Structure formats: C-alpha cells, structure tokens
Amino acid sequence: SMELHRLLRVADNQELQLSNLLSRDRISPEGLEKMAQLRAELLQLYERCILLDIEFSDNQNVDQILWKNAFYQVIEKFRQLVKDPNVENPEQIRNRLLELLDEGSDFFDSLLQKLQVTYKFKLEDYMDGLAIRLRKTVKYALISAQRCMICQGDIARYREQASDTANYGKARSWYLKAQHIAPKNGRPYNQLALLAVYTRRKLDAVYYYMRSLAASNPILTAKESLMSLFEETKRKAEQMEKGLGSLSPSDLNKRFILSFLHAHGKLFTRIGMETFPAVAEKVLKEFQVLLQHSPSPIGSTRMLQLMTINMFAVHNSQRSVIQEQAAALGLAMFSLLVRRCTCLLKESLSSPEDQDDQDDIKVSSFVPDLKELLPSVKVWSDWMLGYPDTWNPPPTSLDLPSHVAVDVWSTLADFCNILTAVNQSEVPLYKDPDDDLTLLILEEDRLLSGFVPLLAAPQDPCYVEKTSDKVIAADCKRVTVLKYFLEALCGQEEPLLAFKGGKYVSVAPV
C-alpha cells in the first residue's frame, strides 16, 4: 500500500516536469530527449502499479492518467508542431510522432499480455457477455484491458491522420473488441461514432453516439457531438428541399435515411418541431415503400439501428408532446414492419378456429425477406413490454398532414391471427440447462447488449438441443417471444387487443 502510494508520488512529480516541458512553444532536440526519459519512467511507474494492485490502480484512475500524461498530451503537442509554420523541420516531427505511436502500440500490446499473465486469465474467455457463468481482480483487469484496447484504437486512428491516410479499419477493430469486453462502457461507442463521422457514415455516427449516451457509463460529450451532427443534417435536408415506387432502391434508401435523421434531429435538438408531422409522414411513406423491395435495401442490421434510435428518442424525450411524438413515430414504424411480416407469412390458410395442424406454417419455411425483419420486430416488442405506459393508452399527439393514420393495434391483431397458424415446435425450447442442451442467444440481443432502455425486458435463458438447426432454433425463439408478447397485450389491465368473436381484433380507442 505504502509502496503503491510511493510509486504514484514519484509519478506526479515526473508529470509536473513533463507538463512544463510541453508548455513551451518549441521543443529543442535536448527537450525531446528529456521528454522521452520522462515518459519512460512514467510508464514503468504506472505499469508497476497496475500489475501490483489492479483494484487500487482502478480506484486511482491509473489507466486514465497513464493515457492522458504519457500519450494524449504528447501526441496532441506533436500534431500542433507539425502544423506550426514556426517549425523548420515539420516532416522530422511527423516522423517522431509516428515512432511514438508505434512504441505506444507495443506498450499496450505488452501490457495486455501482462494483465493476463499477472492476473491469470485469457481475454477470449470473456468476450461473450451473454455467456452465463467473477473474481474481483479479474473484473478490474478486464476493465483495464478494455481501456488498453480503446488506447490501441486511438493510437491507430492517430497514426492514420499522421500519415495523411484514412484506413480506419484497424482502429475500428480495436474499438469493437473493446466493446465486446464490457458493452456497458459508453466509450467504445463514442470512438466508433468518431470513425463514422470521419468516413461520413451519418446514420452509424448518430446510432453510436446514442449508444454512448444510453450506456451505464455514458459519454456526455456525445450530446454536443449529436447537436453538431443534427445541425448538419438539418442543413442538408433543407438544401435537398430545393412516385416513390418509381425510384430505385438505392435512391429511395438515401432519401429515407436523410428524412429519418431529420425527424430525429428535431426530436433531439427540440428545434423545428412544428414541422415534425410533415417529416414524420415523409419517413413513414418512404419506409413503407422500402419494406416492399426484395431483398431489403435496408437489411436487418440497419433496421436494428433504426429501432435503437427510435427507442432512444422516446427515453431522451423526458408526458410531453415530444415524448408522445417520439413514441408515435416508433410505434408507426413498428407497425409497418409487422404489416410487412404479416403479408410475408400469408404469402406462405384457413380461419383461426378452423386451422388444421397439418396446415400450420412451419418456421423452417420462413422466406428470407421475413427472416430479415423479425429480429427488429422482436426487439421493439421487448422494448414495449419494458415501458407499457408509453403506448398504453396510445399516444395521440401525432397527426400527419394527410390525416391518414397508421393503425398499430389492428395491424397487431392481424399479426396475432396469422401467427396462430405458425408452428414453432420444430425446435423445442427449454427453460433449464442439460448435458444435451446448449444456450440459445439471438444475434439481435447480442448487438443491443449494453443499451440501458432494454435492461427492463425479460432475459430468461433459453436452451436447445446441440443437434438442432440453430438458424431455425433462433426463429422458433423469436416466434415464441412474439406470441408471448401478443398474449401479454391481451392480458393487460386495460388491453388494446382482445380475442373477440372468433379472432383477435383491436379494442383500442377510435
């Protein structure tokens, strides 16, 4: 304990010297030598601490301080010198920056191995949060390891920029591996959002910044980042403002993403909401057409990002008009998804009471266009069970300029009706583990792991035989979840759906 405090005591004084050296407008070749000397002592000091007592280190923020003092400060000073016209040999300074980055990459590669050796674990045994199984020291060593991976990403990104290139592929891989370690940390999403802005992937950038805000450890800076992004979107939408079934999938898609971001800008910035109803109708109209294209121009992964942003807007909205309008938009897009899923199902039937078991729709017969949409339908339905008071009673604040409404509850009743003819028993699902069984995790639940709003929906483990087809198994689980969802809505106190006169129907208000 006293040895640790002794180590940090030395470090702070080392840092005081480094900070002062860096304050200078220029750094002599003698100044650069001393800096190298200071950084090396710093690293040895910090690393010893980490490898002596990881929990102490975490509590003293040694990782954060290591990065800030020995790397961030220095890197940023170098970037400034290279651009200073007062600097006579900028290319030589660039070269020292590259060198420092490469030595940086080695340092963190080495520290990652040491963490594993010192605290006795392999990283690959902890990359699946959804694995049901932590020693207090391994908990903290994983936390630190995640920080090392974020540092590797930042180093890789710095390297690209120092080289006037933009192959951000390595940086992204480091951030993705960091997110896997601990999905509740907002920082990996924030850094991934930055990569998206560099590459002008606007929707991904908004998605990831929102992930960063809706994490257990949020990155508040993401707020300002989004304001700036949405300001830029507002401009581009207003600029593009100076039939749908005729456009190509690609053109319609590009148009849709812009409308969608425009609507969410208004919701996020709370500016220009007086014309939210018109942008919302535009979003829904375009979304409705994109759903009819085969294969989906949008795709499951993007669809899930859309659902995520919709859920975020509903929570970020606090029951105000704005919160009702966010919920209305989400519910409407959810409804159009379900409707399309219904068409798809019945493209593959008698009346409910008259359904014969030999005519049931087998899950293994699901067409690929249906399979692409079900993960998003399931995740939104999870969200709804999590926040029943946002949609029951239904929001009433959104009135589209055409006054044509989307009937969520009738659409859900129809879905319930076609679903009764679906047989999901091809792969039996079990509540309890067994030697012949194994854990079924859905790809969409993995993706959204860490998203705080979804922490309120059930997480009940699900087991299937090791011999079962895992694709069919996953869809049988989705169908079971949606059937339970629809049952839950029928069993609600003041229910919006009911089985009535031989079929499921809407009993929601006019």
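Residue indices: 1-based, along the sequence shown.
The entry models residue 348 and residue 349 with a gap of 4 to 9 deposited residues left without coordinates. Higher mean CA B-factor, judged across 432-440 and 289-297 from the recorded values: 432-440. According to the PDB record, 233-241 carries the higher mean C-alpha B-factor of the two stretches 233-241 and 201-209. Out of 255, 136, 340, 170, the entry records its largest CA B-factor for 136. The entry lists C-alpha B-factors for 190, 105, 86, 417, and the highest of these is at 86. Sort the modelled residues of the chain by CA B factor and residue 28 lands in the highest third. The deposited CA B-factor of residue 226 belongs to the middle third of values across its chain. In the PDB entry, a CA B factor belonging to the middle third of its chain's modelled residues is recorded for residue 147. For residue 120, the recorded CA B-factor ranks within the highest third of the chain. Only modelled residues enter the ranking. Sort the modelled residues of the chain by CA B factor and residue 56 lands in the highest third.
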